[PDB]
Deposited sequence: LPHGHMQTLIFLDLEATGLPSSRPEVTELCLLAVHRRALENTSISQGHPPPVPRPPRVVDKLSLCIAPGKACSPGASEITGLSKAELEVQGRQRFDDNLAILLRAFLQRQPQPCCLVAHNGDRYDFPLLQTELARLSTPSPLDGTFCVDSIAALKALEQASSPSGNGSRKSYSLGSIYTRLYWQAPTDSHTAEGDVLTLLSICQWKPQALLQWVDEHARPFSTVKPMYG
């Protein structure tokens, strides 16, 4: 194990203004922190399909709307339900120093080591978050935090139980024969991700322990 057993998994999702080529900015961020014990305690999935698992009782959750410096593209606004104008008239602040202080205090409540888990995190969420943080005067709150992409995890897990779509929704529906709730909201997508990670909790944890890498090594989306 490269960095020992992860004590906390933080399921993470972002909404944003557009695609990577647009140099996008985060409009919404959700963190859901679960102790490894909470995950291993979800009862094994029986039935075909199994019921969507119960979320663990003990969770910490943070969900924030964030005013971007630039407009959301039409695609972003339509599917996320967020826009710059609406965020601003509801007094949302920018991704700023106070937000990093908030993230730091939130992370401090979680036992270490801690691992961020995000769907397609390696290509979107992690590089974008790094970019947002690098622009602040506050040091990164994620510097001692680990991270993993759940696409690769579910590829491994599904490979073993046994070409397929690994979109968040396709995975969820394949496992549970149910449409995801509140897709393209940060919180909604985090909850869907939690559910798919609860499918085979022990195997998911082991994969996470094996593949967790320092967030500090994630390259920014743009500079």
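If you line up the deposited sequence with the model, which stretches have no C-alpha coordinates? Unmodelled stretch: 163-168 only.
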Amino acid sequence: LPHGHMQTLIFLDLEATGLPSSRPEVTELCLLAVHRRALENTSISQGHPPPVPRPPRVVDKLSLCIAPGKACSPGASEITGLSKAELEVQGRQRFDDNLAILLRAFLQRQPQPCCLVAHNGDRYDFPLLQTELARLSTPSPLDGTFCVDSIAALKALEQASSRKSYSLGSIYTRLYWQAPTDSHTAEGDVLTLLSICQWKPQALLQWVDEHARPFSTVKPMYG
From here on, numbers count along this sequence of modelled residues.
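Take the two forms, find the largest set of C-alpha atoms that superpose within 1.5 Å, and that set is the rigid core.
Superpose by the rigid core: which stretch, 188-196 or 171-179, shows more Cα shift in 6 other deposited structures of this protein? More C-alpha displacement in 6 other deposited structures of this protein shows up in 171-179.
Are coordinates for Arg163 absent in a third or more of the other compared PDB entries? It is, since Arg163 is left out of at least a third of the other entries that model both flanking stretches.
Tell me which of 134-142 and 118-126 has the higher mean C-alpha B-factor in the deposited entry. According to the PDB entry, the answer is 134-142.
Looking only at CA atoms, which has the higher mean B factor in the entry: 77-85 or 103-111? Mean C-alpha B-factor is greater for 77-85.
Have a look at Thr27, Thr185, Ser165, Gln198 and flag the one whose Cα has the highest B-factor in the entry. Highest CA B-factor of the listed options: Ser165.
Of the residues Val190, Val58, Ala179, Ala160, the one carrying the largest Cα B-factor as recorded: Among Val190, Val58, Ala179, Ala160, the highest C-alpha B-factor in the entry belongs to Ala160.
Relative to the other modelled residues of the same chain, rank the CA B-factor of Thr173 and answer lowest, middle or highest third. As the PDB entry reports it, the C-alpha B-factor of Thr173 lands in the middle third of its chain.
State the tercile, meaning the lowest, middle or highest third, of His35 with respect to the CA B-factors recorded for its chain. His35: CA B-factor falls in the lowest third of its chain.
Give the position of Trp207 by CA B-factor within its chain, expressed as the lowest, middle or highest third. For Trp207, the deposited C-alpha B-factor lands in the highest third.
What third of its chain's C-alpha B-factors does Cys65 belong to: lowest, middle or highest? According to the entry, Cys65 has a C-alpha B-factor in the chain's lowest third.
Place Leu194 in the lowest, middle or highest third of its chain's C-alpha B-factors, as listed in the PDB entry. Its C-alpha B-factor, which the entry lists for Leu194, ranks in the lowest third among residues of this chain.
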